[PDB]
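Undergrad:
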Amino acid sequence: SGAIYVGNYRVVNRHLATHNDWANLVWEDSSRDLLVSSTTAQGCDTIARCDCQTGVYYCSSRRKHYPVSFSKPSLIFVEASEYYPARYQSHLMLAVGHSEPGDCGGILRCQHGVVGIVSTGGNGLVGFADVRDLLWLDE
Ligand SMILES: CSc1ccccc1CN1C[C@@H](C(N)=O)CCC1=O
Ligand SMILES: [Zn+2]
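Using the deposited numbering, the letters of the sequence shown correspond one by one to residues 7 to 145.
1. DSSP three-state label for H118, please.
2. Would you say the beta carbon of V84 comes nearer than 7 angstroms to a heavy atom of ligand 1?
3. If the criterion is Cβ atoms closer than 8 angstroms, does the pair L100 and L81 meet it?
4. Closest to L31 by CA distance: which of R38, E145, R20 is it?
5. For the alpha helix (DSSP H) that residue 150 lies in, which residues bound it at each end?
6. In the stretch 13 to 58, which residue ranges form an unbroken beta strand (DSSP E) of at least 3 residues, counting only runs that do not cross its ends?
7. Starting from the C-beta of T60, find all residues in its chain whose C-beta is less than 6 angstroms away, skip the five residues before and the five after it, and write them out in chain order.
8. Bridge partners of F76, per DSSP?
9. Using the Cα positions of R38 and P107, report the straight-line distance between them to the nearest angstrom.
10. What I want to know is whether the C-beta of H118 ends up closer than 7 angstroms to one or more non-hydrogen atoms of ligand 2.
11. Whose C-alpha, out of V84, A135, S36, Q48, is nearest the C-alpha of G8?
Here it is, written out as structure tokens:
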């Protein structure tokens, strides 16, 4: 689990969104596995606005942060799960690293801020849903 809190927004994995996230829906994209909902309290996370390909992510299945090299956002084929059938997920970045389903929501960060959140894994790979293109999260 895990969320990004920026301004009056809350960014989560779409498959993990609650009834409250859906009742206060701002934007959602099934092909990206993202959902943004509105919050009353002001969040103070900083979103990165860059093209970095190195950063650090939090892996709850190991209680550790890991430094990783990751690919640029792209259309990557993702095997079926109980939340989605086999499909292409867009704006997805892969790294060599450990990732389990319960790890979804762990933040990936570079020196500029939050890059994205854990969304996929398996075969020794970890996939992050990118958030750097969502410029409206800051306004
Ligand atoms: C070993 S499978 C795995 C591992 C880490 C993280 C996620 C998975 C599989 N997964 C993919 C998500 C997606 N974005 O389509 C939806 C929920 C889910 O459990
Ligand atoms: Zn950066």
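From the three backbone atoms N, C-alpha and C, an ideal C-beta is built for every residue, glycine too.
TA: Here's the rundown:
1. Counted from its first residue, the sequence shown places residue 118 at position 112. Coil.
2. Within the sequence shown, numbered from 1, the residue matching residue 84 stands at position 78. Yes, the beta carbon of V84 sits closer than 7 angstroms to at least one heavy atom of ligand 1.
3. Within the sequence shown, numbered from 1, the residue matching residue 100 stands at position 94. Within the sequence shown, numbered from 1, the residue matching residue 81 stands at position 75. No.
4. The residue labelled residue 31 in the question sits at position 25 within the sequence shown. Taking only the C-alpha atoms, the option nearest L31 is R20.
5. Past the boundaries of the shown model lies residue 150; the chain is included only from 7 to 145, so the question cannot be answered.
6. 31 to 35, 40 to 50
7. Taking the first residue of the sequence shown as position 1, residue 60 is located at position 54. Around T60: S75.
8. Translated into positions along the sequence shown, residue 76 becomes position 70. Beta-bridge pairing links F76 to no other residue.
9. In the sequence shown, residue 38 corresponds to position 32, counting from 1. In the sequence shown, residue 107 corresponds to position 101, counting from 1. Cα to Cα, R38 sits roughly 16 angstroms from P107.
10. One-based indexing of the sequence shown puts residue 118 at position 112. Under cutoff, so the answer is yes.
11. Counting from one through the sequence shown, the residue named residue 8 turns up at place 2. Nearest option by C-alpha distance: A135.
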